[PDB]
Amino acid sequence: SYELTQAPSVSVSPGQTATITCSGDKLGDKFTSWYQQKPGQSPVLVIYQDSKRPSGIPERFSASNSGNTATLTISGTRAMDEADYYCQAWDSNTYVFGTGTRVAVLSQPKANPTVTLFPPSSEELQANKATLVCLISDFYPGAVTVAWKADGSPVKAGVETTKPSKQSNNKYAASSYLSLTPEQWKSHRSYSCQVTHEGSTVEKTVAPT
Amino acid sequence: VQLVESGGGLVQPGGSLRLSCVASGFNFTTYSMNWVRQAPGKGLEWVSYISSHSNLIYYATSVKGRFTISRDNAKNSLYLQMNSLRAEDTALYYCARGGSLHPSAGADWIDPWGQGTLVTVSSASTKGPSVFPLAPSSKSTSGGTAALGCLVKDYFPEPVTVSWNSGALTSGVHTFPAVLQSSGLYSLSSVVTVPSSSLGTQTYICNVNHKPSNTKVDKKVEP
Amino acid sequence: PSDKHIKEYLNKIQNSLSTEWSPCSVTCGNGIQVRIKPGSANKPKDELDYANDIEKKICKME
C-alpha cells in the first residue's frame with residue numbers, strides 16, 4: 001500500500017519560514033492536498049492540487065510537488081499557524097494521508113516545569129493499591145521526558161505518562177503515574193520522579209513515612 | 001455548508017453501530033461523500049467513499065467486509081453501518097465531503113469536514129472512580145504556597161470533571177489530562193495550589209463528577 | 001499536455017462538460033479538448049471515470 005512519509009514534528013520561531021516535507025515513491029505524478037488541524041478541531045483544507053489554495057487561506061501558504069516530494073511552505077509563520085499538517089493523495093481507489101507534521105511556533109520564552117510528587121494515600125493502601133502521582137506544570141515548549149527511580153534504580157514497569165497539554169496560559173502540563181503494590185511501595189526506602197526539559201532536570205523524592 | 005454526525009457511542013468488541021451524517025448548505029446530489037476516522041491522538045485514516053448516486057463505493061483494506069457506506073439523497077444523509085467492531089476501530093469518525101467529479105479526474109481532496117462523532121470500542125464496562133486525597137506535606141510546601149490534590153482512579157469511559165470547594169476555588173487549580181492504563185480504565189489528578197500559611201485553618205474539598213456512571217464524589221483533602 | 005493539466009482543465013470547465021467537444025485548453029501551442037463519451041451522457045459527472053467515460057485528443061495550434 002502507498003505510504004506517504006512525514007517528519008513528526010517541526011519547530012519554528014515567529015516570522016521564520018516553515019517547511020513541511022512529504023515523501024512518496026513518485027508523488028510528483030499525483031495531486032497532493034494539505035490539511036491543517038488544530039487541537040480539538042476538524043481538519044481544514046489549505047492546499048488542493050499541489051499548489052492551489054482554497055480562497056480562505058493566507059498567501060503565506062504555498063506548496064510544491066515534484067519527483068518524490070511535496071512541500072508545504074509557510075513564510076512568516078504566525079502563532080495561529082501552530083497545528084498538525086497532513087499531506088494527502090489518491091491511489092488505487094484510496095485516499096492516503098501522511099503521518100502528519102506537528103508544527104510548533106515558539107511564541108513564548110522557555111519556561112521550566114514545576115514538579116509535584118505525591119506518595120500513595122493511606123486510603124488507597126487500605127485498598128491494596130499504591131499509586132505515585134507526578135504532576136508537571138508550567139513548562140514551554142511542550143516537551144518533557146520523565147524517569148522514575150526506586151532507591152536510585154530506573155523503573156519502567158507500571159509507568160503511565162500523558163502527552164503534554166496546553167493549559168489556560170499557553171504553557172504546557174503533563175502527568176506521570178507509577179503503579180505499585182503496597183508491598184513494593186514499602187519495600188523501598190525512596191521513590192523518585194525525574195523530569196527533564198530543555199536540558200535542565202528536576203527531581204523530587206518521596207518515601208514511606 | 002454543514003455536516004453533522006451522530007450515532008457515536010461506546011460498544012464492546014464484536015458489536016455494531018450505525019453512524020449518521022446530515023448535510024446542508026449545498027446540493028447533496030452532486031458531491032461524492034467520505035468517512036475519515038482518527039484514533040485519539042493519532043493521524044487521519046480514510047474509511048470509505050460513496051459517489052453521488054451510490055454507484056461507486058470504496059473501502060480501506062482495514063474496514064472492507066465490516067463497514068458499509070450508504071446514503072439517502074432525498075434525506076440528504078450519509079450513513080456508515082459498522083459491524084464486527086474491534087478495539088482499534090476506536091476513533092472520532094468524520095463525515096467529509098468529496099469532489100464534484102470523480103477522484104480519478106483530479107477532484108481528489110476532501111473539503112469540508114464535520115466536527116465528528118466519537119466511537120469507543122472497549123472491553124471495559126462503565127465504572128465510577130475511587131477518589132483518593134493527595135495531602136499537603138513538607139515535600140509539597142513550595143515556601144509560601146502549598147499543593148494538594150485528588151487522585152481520580154479507575155473510571156471508564158471519559159469524562160470526569162473536578163471542581164474545588166464546589167467551584168469557589170478557581171485560582172491555582174490544575175486538572176490534568178487523564179491517562180489510560182493497561183486495564184482499560186482511566187485515571188486523572190486535580191491539584192490546587194494554596195497559601196501554606198493557612199493549611200491548618202482553611203477547608204479544601206474536591207468534587208468529582210463522572211456523568212457516565214452517575215457518580216458524584218466529595219473528598220476533603222487535609223494535612 | 002500532462003495528465004495533470006488535462007485533469008486541471010476538466011475541473012475548470014466541468015459545468016460545461018458535455019458529449020459535444022470542449023473548446024481547447026490553450027490558444028497557443030498544443031492543448032487538449034475533452035467530452036463525455038456518448039454512452040456515458042446519462043451518468044452523474046462525479047461518477048465519470050477519467051479513463052473510460054471522458055474522451056480527450058490533442059488540439060494542435062502554433
# chains A, B, ... in the order shown; residues from 1 in each chain; ligands from 1

$ residues_around --residues "residue A:89" --least-positions-apart "6" --cutoff "9 Å" --atoms "only C-alpha atoms" --output "NGL selection string"
(:A and (4 or 27 or 30-33 or 95-98)) or (:B and (108-109))

$ write_last_selection --atoms "C-alpha atoms" --output "PDB file, in the first residue's frame"
ATOM      1  CA  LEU A   4       3.299   8.994   2.471  1.00  0.00           C
ATOM      2  CA  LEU A  27       4.473  11.643  -5.529  1.00  0.00           C
ATOM      3  CA  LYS A  30      -0.120  12.552  -8.052  1.00  0.00           C
ATOM      4  CA  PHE A  31      -2.032  15.614  -6.929  1.00  0.00           C
ATOM      5  CA  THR A  32      -1.199  16.395  -3.286  1.00  0.00           C
ATOM      6  CA  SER A  33      -3.540  18.068  -0.807  1.00  0.00           C
ATOM      7  CA  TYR A  95      -7.245   8.395  -0.042  1.00  0.00           C
ATOM      8  CA  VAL A  96      -3.774   8.255   1.535  1.00  0.00           C
ATOM      9  CA  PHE A  97      -2.726  10.556   4.378  1.00  0.00           C
ATOM     10  CA  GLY A  98       0.784  11.214   5.634  1.00  0.00           C
TER      11      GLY A  98
ATOM     12  CA  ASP B 108      -9.230  14.040  -5.221  1.00  0.00           C
ATOM     13  CA  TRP B 109      -9.312  16.091  -1.993  1.00  0.00           C
TER      14      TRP B 109
END

$ closest_atom_pairs --of "stretch 79-188 of chain B" --to "stretch 36-52 of chain A" --cutoff "12 Å" --atoms "only C-alpha atoms" --output "Markdown table"
| residue | atom | partner | partner_atom | distance |
| --- | --- | --- | --- | --- |
| B:92 | CA | A:42 | CA | 10.0 |
| B:93 | CA | A:42 | CA | 10.5 |
| B:94 | CA | A:42 | CA | 8.1 |
| B:95 | CA | A:42 | CA | 10.3 |
| B:96 | CA | A:43 | CA | 9.7 |
| B:97 | CA | A:45 | CA | 11.4 |
| B:98 | CA | A:45 | CA | 11.8 |
| B:99 | CA | A:48 | CA | 11.2 |
| B:103 | CA | A:49 | CA | 11.4 |
| B:105 | CA | A:49 | CA | 11.3 |
| B:106 | CA | A:49 | CA | 7.6 |
| B:107 | CA | A:49 | CA | 8.4 |
| B:108 | CA | A:49 | CA | 8.1 |
| B:109 | CA | A:48 | CA | 6.5 |
| B:110 | CA | A:45 | CA | 7.3 |
| B:111 | CA | A:45 | CA | 6.2 |
| B:112 | CA | A:44 | CA | 6.8 |
| B:113 | CA | A:42 | CA | 6.3 |
| B:114 | CA | A:42 | CA | 6.5 |
| B:115 | CA | A:42 | CA | 5.6 |
| B:116 | CA | A:42 | CA | 7.6 |
| B:117 | CA | A:42 | CA | 11.1 |

$ interface_residues --of "chain C" --to "chain A" --cutoff "9 Å" --atoms "only C-alpha atoms" --output "compact mmCIF listing (two decimals) with N, CA, C and O atoms, in the first residue's frame"
# COMPACT_ATOMS: atom_id res chain seq x y z
N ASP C 3 -1.14 14.75 -17.98
CA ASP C 3 -2.40 14.28 -17.41
C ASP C 3 -2.85 15.17 -16.26
O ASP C 3 -4.05 15.28 -16.00
N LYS C 4 -1.92 15.82 -15.57
CA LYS C 4 -2.30 16.80 -14.56
C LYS C 4 -3.05 17.97 -15.18
O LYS C 4 -4.10 18.38 -14.68
N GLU C 8 -6.75 19.24 -14.58
CA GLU C 8 -6.99 20.62 -14.17
C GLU C 8 -8.00 21.30 -15.10
O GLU C 8 -8.93 21.98 -14.63

$ closest_atom_pairs --of "chain C" --to "chain B" --cutoff "12 Å" --atoms "only C-alpha atoms" --output "CSV"
residue,atom,partner,partner_atom,distance
C:3,CA,B:105,CA,9.3
C:4,CA,B:106,CA,7.6
C:5,CA,B:106,CA,9.5
C:6,CA,B:105,CA,8.6
C:7,CA,B:106,CA,5.3
C:8,CA,B:106,CA,6.8
C:9,CA,B:106,CA,9.6
C:10,CA,B:105,CA,7.3
C:11,CA,B:107,CA,7.1
C:12,CA,B:107,CA,10.6
C:13,CA,B:101,CA,11.2
C:14,CA,B:101,CA,8.0
C:15,CA,B:100,CA,10.1
C:17,CA,B:101,CA,10.8
C:34,CA,B:105,CA,11.9
C:42,CA,B:53,CA,11.9
C:43,CA,B:53,CA,9.2
C:44,CA,B:30,CA,7.4
C:45,CA,B:101,CA,5.6
C:46,CA,B:101,CA,3.6
C:47,CA,B:102,CA,5.6
C:48,CA,B:102,CA,6.2
C:49,CA,B:102,CA,6.3
C:50,CA,B:105,CA,5.0
C:51,CA,B:104,CA,7.9
C:52,CA,B:104,CA,10.5
C:53,CA,B:105,CA,10.4
C:54,CA,B:105,CA,9.1
C:55,CA,B:105,CA,11.8

$ residues_around --residues "residue B:79" --least-positions-apart "3" --cutoff "7 Å" --atoms "only C-alpha atoms" --output "JSON, numbers by chain"
{"B": [18, 19, 20, 21, 69, 70, 71]}

$ write_last_selection --atoms "N, CA and C atoms" --output "PDB file, in the first residue's frame"
ATOM      1  N   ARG B  18     -24.289   2.330  13.993  1.00  0.00           N
ATOM      2  CA  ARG B  18     -24.724   2.996  12.767  1.00  0.00           C
ATOM      3  C   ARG B  18     -24.534   4.495  12.928  1.00  0.00           C
ATOM      4  N   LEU B  19     -23.579   5.043  12.183  1.00  0.00           N
ATOM      5  CA  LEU B  19     -23.318   6.471  12.185  1.00  0.00           C
ATOM      6  C   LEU B  19     -24.174   7.156  11.132  1.00  0.00           C
ATOM      7  N   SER B  20     -24.536   8.405  11.407  1.00  0.00           N
ATOM      8  CA  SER B  20     -25.344   9.211  10.502  1.00  0.00           C
ATOM      9  C   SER B  20     -24.629  10.528  10.224  1.00  0.00           C
ATOM     10  N   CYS B  21     -25.014  11.191   9.131  1.00  0.00           N
ATOM     11  CA  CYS B  21     -24.465  12.498   8.767  1.00  0.00           C
ATOM     12  C   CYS B  21     -25.515  13.216   7.932  1.00  0.00           C
ATOM     13  N   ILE B  69     -20.995   1.641   3.571  1.00  0.00           N
ATOM     14  CA  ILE B  69     -21.380   3.026   3.346  1.00  0.00           C
ATOM     15  C   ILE B  69     -22.667   3.043   2.534  1.00  0.00           C
ATOM     16  N   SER B  70     -23.506   4.036   2.815  1.00  0.00           N
ATOM     17  CA  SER B  70     -24.824   4.167   2.215  1.00  0.00           C
ATOM     18  C   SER B  70     -25.215   5.634   2.300  1.00  0.00           C
ATOM     19  N   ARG B  71     -26.116   6.053   1.415  1.00  0.00           N
ATOM     20  CA  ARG B  71     -26.647   7.405   1.507  1.00  0.00           C
ATOM     21  C   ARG B  71     -28.065   7.439   0.960  1.00  0.00           C
TER      22      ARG B  71
END

$ interface_residues --of "chain B" --to "chain A" --cutoff "9 Å" --atoms "only C-alpha atoms" --output "short mmCIF file (atom, residue, chain, number, x, y, z; two decimals) with N, CA and C atoms, in the first residue's frame"
data_model
loop_
_atom_site.label_atom_id
_atom_site.label_comp_id
_atom_site.auth_asym_id
_atom_site.auth_seq_id
_atom_site.Cartn_x
_atom_site.Cartn_y
_atom_site.Cartn_z
N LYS B 42 -3.81 10.41 17.29
CA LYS B 42 -3.05 9.87 16.17
C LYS B 42 -3.51 10.55 14.88
N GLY B 43 -3.20 9.91 13.76
CA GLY B 43 -3.34 10.51 12.46
C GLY B 43 -4.68 10.23 11.80
N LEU B 44 -4.81 10.73 10.57
CA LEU B 44 -6.03 10.57 9.79
C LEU B 44 -5.97 9.30 8.96
N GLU B 45 -7.09 8.59 8.91
CA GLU B 45 -7.19 7.34 8.17
C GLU B 45 -8.52 7.35 7.43
N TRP B 46 -8.47 7.36 6.11
CA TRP B 46 -9.69 7.29 5.32
C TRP B 46 -10.36 5.93 5.51
N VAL B 47 -11.69 5.92 5.38
CA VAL B 47 -12.51 4.75 5.71
C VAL B 47 -13.32 4.28 4.51
N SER B 48 -14.11 5.16 3.91
CA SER B 48 -14.95 4.73 2.80
C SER B 48 -15.42 5.92 1.97
N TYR B 49 -15.72 5.64 0.69
CA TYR B 49 -16.15 6.63 -0.29
C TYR B 49 -17.45 6.17 -0.95
N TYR B 58 -15.99 2.53 -2.31
CA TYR B 58 -14.66 2.04 -1.98
C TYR B 58 -14.48 1.97 -0.47
N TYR B 59 -13.72 0.98 -0.01
CA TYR B 59 -13.41 0.82 1.40
C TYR B 59 -11.90 0.68 1.57
N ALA B 60 -11.36 1.09 2.70
CA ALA B 60 -9.96 0.83 3.04
C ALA B 60 -9.86 -0.66 3.40
N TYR B 94 -15.26 11.24 11.17
CA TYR B 94 -15.61 12.46 10.45
C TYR B 94 -16.34 12.10 9.16
N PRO B 103 -12.61 11.22 -8.27
CA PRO B 103 -11.21 11.47 -7.89
C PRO B 103 -10.20 11.10 -8.96
N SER B 104 -10.53 10.14 -9.83
CA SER B 104 -9.62 9.80 -10.91
C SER B 104 -9.45 10.96 -11.89
N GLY B 106 -9.08 14.18 -10.90
CA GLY B 106 -8.39 15.25 -10.23
C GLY B 106 -9.08 15.79 -9.00
N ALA B 107 -10.41 15.65 -8.92
CA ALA B 107 -11.16 16.12 -7.75
C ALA B 107 -10.94 15.16 -6.57
N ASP B 108 -9.69 15.09 -6.13
CA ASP B 108 -9.23 14.04 -5.22
C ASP B 108 -8.83 14.56 -3.84
N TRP B 109 -9.52 15.58 -3.34
CA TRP B 109 -9.31 16.09 -1.99
C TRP B 109 -10.63 16.03 -1.22
N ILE B 110 -10.57 16.43 0.04
CA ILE B 110 -11.69 16.33 0.97
C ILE B 110 -11.92 17.69 1.59
N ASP B 111 -13.14 18.21 1.47
CA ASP B 111 -13.44 19.56 1.93
C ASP B 111 -14.93 19.81 1.77
N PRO B 112 -15.63 20.26 2.83
CA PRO B 112 -15.16 20.46 4.21
C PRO B 112 -15.26 19.18 5.03
N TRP B 113 -15.02 19.28 6.34
CA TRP B 113 -15.18 18.16 7.26
C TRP B 113 -16.18 18.54 8.34
N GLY B 114 -16.67 17.52 9.05
CA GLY B 114 -17.56 17.72 10.17
C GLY B 114 -16.83 17.65 11.51
N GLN B 115 -17.54 18.05 12.57
CA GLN B 115 -16.96 18.00 13.91
C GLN B 115 -16.70 16.57 14.37
N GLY B 116 -17.38 15.59 13.78
CA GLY B 116 -17.14 14.19 14.08
C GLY B 116 -18.03 13.67 15.20
N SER B 130 -12.78 5.71 42.14
CA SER B 130 -12.38 5.91 43.52
C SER B 130 -11.54 7.18 43.57
N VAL B 131 -11.79 8.01 44.59
CA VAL B 131 -11.16 9.32 44.73
C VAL B 131 -10.30 9.30 45.98
N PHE B 132 -9.00 9.49 45.81
CA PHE B 132 -8.09 9.47 46.94
C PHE B 132 -7.44 10.83 47.14
N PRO B 133 -7.16 11.22 48.38
CA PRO B 133 -6.62 12.56 48.64
C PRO B 133 -5.11 12.59 48.46
N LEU B 134 -4.63 13.63 47.77
CA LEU B 134 -3.21 13.95 47.67
C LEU B 134 -2.93 15.05 48.70
N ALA B 135 -2.45 14.64 49.88
CA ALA B 135 -2.42 15.52 51.03
C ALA B 135 -1.22 16.46 51.00
N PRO B 136 -1.38 17.67 51.52
CA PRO B 136 -0.24 18.59 51.60
C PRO B 136 0.80 18.06 52.57
N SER B 137 2.05 18.44 52.31
CA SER B 137 3.18 17.90 53.06
C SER B 137 4.30 18.93 53.11
N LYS B 139 7.04 18.09 51.68
CA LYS B 139 7.58 17.92 50.34
C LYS B 139 6.76 18.67 49.30
N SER B 140 5.50 19.00 49.65
CA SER B 140 4.59 19.77 48.81
C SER B 140 4.60 21.26 49.13
N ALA B 147 0.75 22.69 47.79
CA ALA B 147 -0.04 21.97 46.80
C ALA B 147 -0.73 20.76 47.44
N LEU B 148 -2.00 20.58 47.09
CA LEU B 148 -2.78 19.41 47.47
C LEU B 148 -3.64 19.03 46.27
N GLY B 149 -4.21 17.84 46.30
CA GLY B 149 -4.95 17.39 45.14
C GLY B 149 -5.85 16.20 45.43
N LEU B 151 -6.70 12.25 43.55
CA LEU B 151 -6.47 11.21 42.55
C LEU B 151 -7.81 10.57 42.22
N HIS B 174 -5.35 23.15 38.82
CA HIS B 174 -4.89 22.49 37.60
C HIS B 174 -5.42 21.06 37.61
N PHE B 176 -5.54 17.70 35.40
CA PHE B 176 -4.65 17.20 34.37
C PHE B 176 -5.37 16.22 33.45
N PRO B 177 -4.89 16.09 32.22
CA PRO B 177 -5.49 15.11 31.30
C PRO B 177 -5.37 13.69 31.83
N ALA B 178 -6.38 12.89 31.53
CA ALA B 178 -6.44 11.53 32.04
C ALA B 178 -5.48 10.62 31.29
N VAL B 179 -4.92 9.69 32.01
CA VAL B 179 -4.11 8.63 31.44
C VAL B 179 -4.97 7.37 31.37
N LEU B 180 -4.68 6.52 30.40
CA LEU B 180 -5.39 5.25 30.22
C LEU B 180 -4.43 4.12 30.56
N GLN B 181 -4.83 3.28 31.51
CA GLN B 181 -3.98 2.19 31.97
C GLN B 181 -4.21 0.95 31.10
N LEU B 188 -7.03 10.27 36.46
CA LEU B 188 -6.51 11.62 36.37
C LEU B 188 -6.38 12.20 37.77
N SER B 189 -5.72 13.36 37.84
CA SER B 189 -5.49 14.07 39.09
C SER B 189 -5.82 15.54 38.91
N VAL B 191 -4.90 19.12 40.98
CA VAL B 191 -4.07 19.73 42.01
C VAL B 191 -4.42 21.20 42.11
#

$ residues_around --residues "residue A:21" --least-positions-apart "4" --cutoff "9 Å" --atoms "only C-alpha atoms" --output "PyMOL selection string"
chain A and resi 5-7+69-73+87+101

$ write_last_selection --atoms "C-alpha atoms" --output "short mmCIF file (atom, residue, chain, number, x, y, z; two decimals), in the first residue's frame"
data_model
loop_
_atom_site.label_atom_id
_atom_site.label_comp_id
_atom_site.auth_asym_id
_atom_site.auth_seq_id
_atom_site.Cartn_x
_atom_site.Cartn_y
_atom_site.Cartn_z
CA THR A 5 6.02 9.84 4.98
CA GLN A 6 6.30 12.93 7.15
CA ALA A 7 8.51 14.24 9.91
CA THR A 69 8.50 15.14 -2.55
CA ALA A 70 5.66 17.60 -1.97
CA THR A 71 6.40 20.59 0.24
CA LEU A 72 4.11 22.95 2.14
CA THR A 73 5.87 26.24 2.90
CA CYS A 87 -0.41 15.64 3.20
CA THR A 101 3.89 17.09 10.97
#

$ select_by_dssp --residues "stretch 13-188 of chain B" --states "helix (DSSP H, G or I)" --output "number ranges by chain"
B: 28-30, 87-89, 103-105, 165-167

$ residues_around --residues "residue B:40" --least-positions-apart "3" --cutoff "10 Å" --atoms "only C-alpha atoms" --output "mmCIF file with N, CA, C and O atoms, in the first residue's frame"
data_model
loop_
_atom_site.group_PDB
_atom_site.id
_atom_site.type_symbol
_atom_site.label_atom_id
_atom_site.label_comp_id
_atom_site.auth_asym_id
_atom_site.auth_seq_id
_atom_site.Cartn_x
_atom_site.Cartn_y
_atom_site.Cartn_z
ATOM 1 N N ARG B 37 -11.609 8.649 9.743
ATOM 2 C CA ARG B 37 -11.567 8.469 11.186
ATOM 3 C C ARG B 37 -10.191 8.856 11.705
ATOM 4 O O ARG B 37 -9.223 8.961 10.946
ATOM 5 N N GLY B 43 -3.197 9.906 13.761
ATOM 6 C CA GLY B 43 -3.340 10.514 12.459
ATOM 7 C C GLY B 43 -4.678 10.230 11.801
ATOM 8 O O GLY B 43 -5.575 9.604 12.368
ATOM 9 N N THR B 90 -11.517 2.261 17.483
ATOM 10 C CA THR B 90 -11.804 3.374 18.379
ATOM 11 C C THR B 90 -11.210 4.639 17.779
ATOM 12 O O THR B 90 -9.993 4.722 17.583
ATOM 13 N N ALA B 91 -12.068 5.606 17.469
ATOM 14 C CA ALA B 91 -11.655 6.805 16.753
ATOM 15 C C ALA B 91 -12.818 7.782 16.746
ATOM 16 O O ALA B 91 -13.952 7.433 17.088
ATOM 17 N N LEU B 92 -12.511 9.018 16.366
ATOM 18 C CA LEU B 92 -13.512 10.006 16.001
ATOM 19 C C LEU B 92 -13.786 9.838 14.511
ATOM 20 O O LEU B 92 -12.848 9.771 13.710
ATOM 21 N N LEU B 118 -17.740 10.461 18.218
ATOM 22 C CA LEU B 118 -16.776 9.560 18.826
ATOM 23 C C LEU B 118 -17.336 8.151 18.922
ATOM 24 O O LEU B 118 -18.502 7.948 19.266
ATOM 25 N N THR B 120 -16.049 4.623 20.739
ATOM 26 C CA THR B 120 -15.115 3.924 21.608
ATOM 27 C C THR B 120 -15.513 2.457 21.622
ATOM 28 O O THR B 120 -16.652 2.126 21.970
#

$ select_by_dssp --residues "chain B" --states "strand (DSSP E or B)" --output "number ranges by chain"
B: 2-6, 10-11, 17-24, 33-38, 44-50, 57-59, 64, 67-72, 77-82, 91-97, 117-121, 127, 130-134, 141, 145-156, 161-164, 169, 173-175, 179-180, 186-195, 205-210, 215-220

$ residues_around --residues "residue A:16" --least-positions-apart "3" --cutoff "6 Å" --atoms "only C-alpha atoms" --output "ChimeraX atom specification"
/A:13,76-77

$ write_last_selection --atoms "C-alpha atoms" --output "compact mmCIF listing (two decimals), in the first residue's frame"
# COMPACT_ATOMS: atom_id res chain seq x y z
CA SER A 13 10.23 30.95 15.58
CA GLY A 76 6.37 34.50 8.03
CA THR A 77 4.93 31.85 10.33

$ residues_around --residues "residue A:201" --least-positions-apart "4" --cutoff "12 Å" --atoms "only C-alpha atoms" --output "PyMOL selection string"
chain A and resi 112-115+144-147+193-197

$ write_last_selection --atoms "C-alpha atoms" --output "compact mmCIF listing (two decimals), in the first residue's frame"
# COMPACT_ATOMS: atom_id res chain seq x y z
CA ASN A 112 10.91 25.19 33.12
CA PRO A 113 8.45 22.83 34.76
CA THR A 114 7.32 22.77 38.36
CA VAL A 115 7.23 19.19 39.61
CA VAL A 144 9.35 16.74 28.74
CA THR A 145 10.90 13.36 29.47
CA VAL A 146 10.01 11.57 32.71
CA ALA A 147 12.06 8.95 34.56
CA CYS A 193 10.23 11.33 39.72
CA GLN A 194 12.81 12.99 37.45
CA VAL A 195 11.66 15.47 34.79
CA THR A 196 13.95 16.73 32.03
CA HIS A 197 13.23 19.85 29.97

$ atom_distance --atom1 "atom CA of residue B:84" --atom2 "atom CA of residue B:128"
27.5 Å

$ closest_residue --among "A:190, A:126, A:169, A:181" --to "residue A:152" --atoms "only C-alpha atoms"
A:190

$ decode --residues "stretch 49-61 of chain A" --atoms "N, CA, C and O atoms" --output "short mmCIF file (atom, residue, chain, number, x, y, z; two decimals), in the first residue's frame"
data_model
loop_
_atom_site.label_atom_id
_atom_site.label_comp_id
_atom_site.auth_asym_id
_atom_site.auth_seq_id
_atom_site.Cartn_x
_atom_site.Cartn_y
_atom_site.Cartn_z
N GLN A 49 -4.50 20.19 -5.15
CA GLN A 49 -3.87 20.03 -6.46
C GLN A 49 -2.50 20.66 -6.47
O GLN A 49 -2.27 21.54 -7.28
N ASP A 50 -1.65 20.20 -5.55
CA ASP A 50 -0.23 20.55 -5.33
C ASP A 50 0.00 21.97 -4.80
O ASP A 50 0.75 22.06 -3.87
N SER A 51 -0.52 23.02 -5.43
CA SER A 51 -0.30 24.41 -5.04
C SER A 51 -1.53 25.29 -4.97
O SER A 51 -1.34 26.39 -4.58
N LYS A 52 -2.73 24.89 -5.36
CA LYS A 52 -3.86 25.81 -5.36
C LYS A 52 -4.41 25.97 -3.95
O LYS A 52 -4.57 24.99 -3.21
N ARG A 53 -4.68 27.20 -3.57
CA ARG A 53 -5.20 27.47 -2.24
C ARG A 53 -6.70 27.68 -2.30
O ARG A 53 -7.18 28.49 -3.10
N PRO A 54 -7.48 26.97 -1.46
CA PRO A 54 -8.91 27.27 -1.36
C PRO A 54 -9.09 28.67 -0.80
O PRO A 54 -8.81 28.88 0.39
N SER A 55 -9.47 29.65 -1.62
CA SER A 55 -9.51 31.04 -1.14
C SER A 55 -10.25 31.11 0.20
O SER A 55 -11.38 30.61 0.33
N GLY A 56 -9.58 31.68 1.20
CA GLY A 56 -9.90 31.50 2.60
C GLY A 56 -8.61 31.21 3.34
O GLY A 56 -8.57 31.16 4.57
N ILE A 57 -7.51 31.04 2.58
CA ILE A 57 -6.24 30.58 3.11
C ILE A 57 -5.20 31.65 2.79
O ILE A 57 -5.05 32.02 1.62
N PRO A 58 -4.45 32.14 3.77
CA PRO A 58 -3.50 33.23 3.52
C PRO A 58 -2.47 32.90 2.45
O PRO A 58 -2.16 31.74 2.17
N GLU A 59 -1.92 33.96 1.86
CA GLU A 59 -0.94 33.81 0.80
C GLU A 59 0.39 33.29 1.31
O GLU A 59 1.21 32.82 0.51
N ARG A 60 0.64 33.38 2.61
CA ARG A 60 1.91 32.87 3.14
C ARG A 60 2.02 31.36 3.04
O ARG A 60 3.11 30.82 3.23
N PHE A 61 0.91 30.66 2.77
CA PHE A 61 0.96 29.24 2.43
C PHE A 61 1.20 29.08 0.93
O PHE A 61 0.66 29.83 0.11
#
